[PDB]
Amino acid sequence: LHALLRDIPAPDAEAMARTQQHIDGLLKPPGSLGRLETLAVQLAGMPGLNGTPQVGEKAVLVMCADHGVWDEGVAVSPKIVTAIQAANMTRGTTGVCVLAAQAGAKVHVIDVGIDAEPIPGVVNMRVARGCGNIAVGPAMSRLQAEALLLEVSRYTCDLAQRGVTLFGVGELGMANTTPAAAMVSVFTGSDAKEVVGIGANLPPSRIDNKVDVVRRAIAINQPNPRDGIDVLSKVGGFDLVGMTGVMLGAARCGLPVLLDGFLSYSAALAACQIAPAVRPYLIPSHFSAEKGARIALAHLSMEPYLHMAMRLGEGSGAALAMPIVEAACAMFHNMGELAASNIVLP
């Protein structure tokens, strides 16, 4: 693990300078394609990409797990929905499934801690049958967190060996917006009231209780904001841990990862805390409708491309942004050049 973190490659400034120059020569006013240009250059700096903006195979990794905090009445969805939906993920009927198919991406469902019998067809990396209730103690042990990070990290880099060049991260876990909010509060230094949202249609009344639960989790566990693993293990969850693991894995592999929504932002804060070298590999997708999204994004210094008021999760926003990534590549490789048309701009 220390190794892993040690070996995360820096971005290739040389490939990036070459990309920039190429882009500037394209058939358009310089910088006119804005964020599409910046993205392309960003991709070019990624070592696993072979010095150019490219997209080969695509995969969305969905981390599923249950949370003990569900018992605190912080979620209106029945707990069993985690297991049901995970199964549905196998049949291609879920939101992420439909969107991924549209993007030509494959979905990998990973069980990191569902509180139910094993689901056939789902990748088994189960830590336990749901994590501890963060309101009265830690979600899991440091060991458990570190092990899972390692395991998902490897699984991720391994997919690279098989042609995957672009990853997307997602989750599934009833009540997971609670630990997500706690992490955000901790890493950001924001008060819980500011970052706690309605999650999956939590009624406005019930909010207060959610905020109190978050506060309790923090007071009780005293996670250290300077230690991302500390935070994850104390006030996070298996699903959140697995997401951070995908990010660590892609980075080590020198490949890009598309974030999803709120849950993903929380995992991204932790990953960046654990290894700042991770940052350049992350790509935002959309702007989550969750209340604490703006704050989380600000701390990551990211501006998402899509404003869809989405708040489903599962990696649906990541899938939806994949075509954008491919567009930056198409632009880069298929557009004609100014010089060739004899166009000279001041």
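When you see a residue number, it is the position in the sequence shown, counting from 1.
Student: 92 to 100 versus 141 to 149: which one carries the higher mean Cα B factor per the record?
Tutor: Looking at the recorded C-alpha B-factors, 141 to 149 comes out higher on average.
Student: Higher mean Cα B-factor in the deposited model: 244 to 252 or 192 to 200?
Tutor: Higher mean C-alpha B-factor in the PDB entry: 192 to 200.
Student: Determine which member of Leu172, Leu159, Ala268, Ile84 has the highest CA B-factor, using the values in the deposited entry.
Tutor: The record points to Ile84.
Student: Reading the B-factor column of the entry, which of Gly121, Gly113, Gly73, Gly132 has the highest value at its C-alpha atom?
Tutor: Among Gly121, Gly113, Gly73, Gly132, the PDB entry lists the largest C-alpha B-factor for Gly121.
Student: Is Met63 in the lowest, middle or highest third of its chain when residues are ranked by C-alpha B-factor?
Tutor: According to the entry, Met63 has a C-alpha B-factor in the chain's lowest third.
Student: Taking the C-alpha B-factors as the PDB entry records them, is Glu14 in the lowest, middle or highest third of its chain?
Tutor: Middle third - that is where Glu14 ends up once the chain's C-alpha B-factors are sorted.
Student: For the chain shown, is the CA B-factor of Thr165 in the lowest, middle or highest third of its modelled residues?
Tutor: According to the entry, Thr165 has a C-alpha B-factor in the chain's lowest third.
Student: Name the third of the chain's ranked CA B-factors that contains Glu290, choosing lowest, middle or highest.
Tutor: Its C-alpha B-factor belongs to the highest third of this chain's values.
Student: Please place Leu27 in the lowest, middle or highest third of its chain by C-alpha B factor as given in the entry.
Tutor: For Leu27, the deposited C-alpha B-factor lands in the highest third.
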